[PDB]
Amino acid sequence: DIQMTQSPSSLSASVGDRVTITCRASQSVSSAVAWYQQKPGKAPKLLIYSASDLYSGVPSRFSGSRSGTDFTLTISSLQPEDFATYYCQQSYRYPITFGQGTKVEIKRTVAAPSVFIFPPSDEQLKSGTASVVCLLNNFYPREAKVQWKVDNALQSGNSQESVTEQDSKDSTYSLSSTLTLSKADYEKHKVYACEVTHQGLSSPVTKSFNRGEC
Amino acid sequence: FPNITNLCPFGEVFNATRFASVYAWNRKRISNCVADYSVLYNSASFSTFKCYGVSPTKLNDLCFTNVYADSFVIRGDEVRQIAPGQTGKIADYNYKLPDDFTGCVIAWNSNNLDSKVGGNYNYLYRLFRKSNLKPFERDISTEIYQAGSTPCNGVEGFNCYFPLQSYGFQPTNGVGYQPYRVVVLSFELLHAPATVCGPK
Amino acid sequence: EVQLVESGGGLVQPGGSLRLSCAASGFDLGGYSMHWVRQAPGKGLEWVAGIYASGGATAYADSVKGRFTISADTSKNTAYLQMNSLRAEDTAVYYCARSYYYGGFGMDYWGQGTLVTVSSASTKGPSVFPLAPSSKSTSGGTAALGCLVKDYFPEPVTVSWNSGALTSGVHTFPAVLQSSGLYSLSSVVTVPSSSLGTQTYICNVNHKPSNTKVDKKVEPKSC
Ligand SMILES: *[C@@H]1O[C@H](CO)[C@@H](O)[C@H](O)[C@H]1NC(C)=O
């Protein structure tokens, strides 16, 4: 019952860079470590096995190393296809255990979010629930904060957000925060605002709208 | 100097019919003889011919106390490990060269000789070992390796692995996974009569 | 061409049972060990069970010991994972893979995976609502618009813009699990403010599990 501690949790680097990922095992595992690559929505693909053995049909840039109980995966030069998540796995003592995961993201210059606010459709109001959406797309880095303000009063416990993956061509993230609440409670206030705090922003943006106006 | 002119049995080793598995590398002593090393390099039929501690270029002028020809079979990707101060399953668990290694390392592909339709499983390598190998050490044990906390009692299964595993020498394999035959010439120079020499 | 294909995934209520199948081609199960590796949404990989096809020896992870049962058939050349007394924690993508020997080696080939959802919720069709572009949208700037899918429980959903015509500047966010137990996601696209009145934009949503396909057009409010 061995534990594989993987570092770094996340990593941002540029194309052509040389990358290093480390996995330390709780006990000695001889040389029974393997390294896998996974892209979104796809099975993991085997890269390295028994610590330092290349798999057939795998770019020679990928290399594997073992120093005692420390194991290392090295990329000589990065390529646009190499951006993905990487796991380490041990097959020494069962149950076999994977690593927490290392995400590799393409570095990009700071970009500010294009922020938009979408009021609830009337079709939805017919059913009895109102969904207010806030979009902030094409920004980098991933870190961002969305705060819902209703008549200048923070709303907590009813907002849910989802983040996209880096764009194929933009290399930028996009975020969607939806605030759902009953028609009865929606008609209770008049101002609905989405305050956005980002790294690439001098001051928080605040896109808002008023119920009963267009 | 030797004082006797007897060609050394290098053919016995390179042109040997079958080669040993790397975990149980074979070692042929060589003494009381003379041989032309430069004939080998000149042949140029080999794929790796790397020497450490001595110039390969026609260096028969030298006389050594004894010579050691170590022969075995591995994969191509693994030939890089048959050198001083290298790590890998082979250099750790099968055949280690000392860091102060003075000798030569010769390797050539043998896909025609050592492949068989459907795979050749005669050539093994050691996969599990508690400690790394000391230089020029040989381990032929077959004791079941116990990875778990529980004992194995000499039975194969999970956490209870047979230490030696077979190369998949498929004829249709990539070059990195094709068998390669390796011979390591170690030159034991000591304070003793020089029983091996160069020509003349 | 070695190939591994999963099957038998679906939707089951908590406490139920489901049997996943893994058919192998291009190689004989003998001498190999088949494994089941699951991945919960947006989380790491977790090993579950494994079996040496030849001898029949089995091994399970502590988290599902006793509930699950792994088996294999050498004439059919396939491997099975019976999952009983399922829990919501078990909801994940289940892959089958192979390794050489009882251990020490990696997983050569993985199946494409099969989704298993464990929820008391029943399979519902999605409700589609418009997200119209703001009337006060800068002319030089580009106004944004979209579609919102709410209250569909079986996770697989597909979305397209104008039957596949708009493949640029589109962002389709991943779904989120609501307190109700139903999923809800939204897709959006950025287009030039000028072509708002001229062009017509349609969101096409498909929900294969409930067999619900619909389309909805997006237009400004004007009011
Ligand atoms: C092996 O045989 C070939 C052909 O007879 C010869 O060229 C080569 O020198 C031999 N090897 C040795 C080590 O003598």
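General observations
- The residues in segment A:155-186 that are polar (S, T, N, Q), assigned to a strand (DSSP E or B) and touching a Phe, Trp or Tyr at 6+ places or on another chain (Cβ under 6 Å) can be counted, and the count is 3.
- Test for B:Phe158: is it closer than 19 Å to B:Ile90 by Cα and either buried (at least 16 other Cβ atoms within 10 Å of the Cβ) or touching a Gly at 6+ places or on another chain (Cβ under 8 Å) (or both): no
- Check on B:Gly168, touching a residue at least 12 places away in the same chain (Cβ under 8 Å) and outside any strand (DSSP E or B): yes
- Picking from residues in segment B:124-145 that are farther than 19 Å from A:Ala51 by Cα and among the polar types (S, T, N, Q), the one that is surrounded by the most Cβ atoms within 10 Å (Cβ to Cβ) is B:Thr142.
- Per-region count, segment C:205-223, residues farther than 26 Å from A:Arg211 by Cα and either touching a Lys or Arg at 6+ places or on another chain (Cβ under 8 Å) or not in a strand (DSSP E or B) (or both): 7
- Checking segment B:48-69 against the condition returns a match, with at least one residue being within 16 Å of the ligand (Cβ to nearest atom), without any contact (Cβ under 8 Å) to a residue 60 or more places away in the chain and either away from chain A (no Cβ under 14 Å) or in contact with a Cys (Cβ under 8 Å, 6 or more places away or on another chain) (or both).
- Residue match in segment B:71-84 (condition: within 15 Å of the ligand (Cβ to nearest atom), more than 30 Å from A:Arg66 (Cβ to Cβ) and not in a loop (DSSP other than H, G, I, E, B)): no
- Of all residues in segment C:110-128 being facing chain A (nearest Cβ under 8 Å) and in contact (Cβ under 8 Å) with a residue 40 or more places away in the chain, the one that is farthest from the chain's Cα centre (by Cα): C:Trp110
- Test: residue in segment C:95-106 that is outside any loop (DSSP other than H, G, I, E, B) and within 16 Å of the chain's Cα centre (by Cα): yes
- Residue count for segment A:164-214 satisfying the condition of being exposed (fewer than 13 other Cβ atoms within 10 Å of the Cβ) and more than 22 Å from A:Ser121 (Cα to Cα): 5.
- Listing of strands (runs of 3 or more DSSP E) fully contained in segment A:8-97 that carry 2 or more residues being of a type in the set (A, V, I, L, M): A:10-13, A:19-25, A:33-38, A:45-49, A:70-75
- Subset of segment C:60-96 (residues that are over 19 Å from C:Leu4 (Cβ atoms), within 11 Å of another protein chain (Cβ to nearest Cβ) and of a type in the set (A, V, I, L, M)): C:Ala61, C:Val64
- Residue match in segment C:180-199 (condition: within 26 Å of the chain's Cα centre (by Cα), buried (at least 21 other Cβ atoms within 10 Å of the Cβ), within 13 Å of another protein chain (Cβ to nearest Cβ) and aromatic (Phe, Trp, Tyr)): yes
- Considering residues of segment B:1-47 that are away from the ligand (no atom under 16 Å from the Cβ) and among the β-branched types (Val, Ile, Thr) only, the residue nearest to the other protein chains (Cβ to nearest Cβ): B:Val22
All Cβ positions, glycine included, derive from the backbone under ideal geometry; neighbour counts span all protein chains shown. Each reported figure results from applying straightforward, stated rules to the coordinates on display, with no laboratory input.
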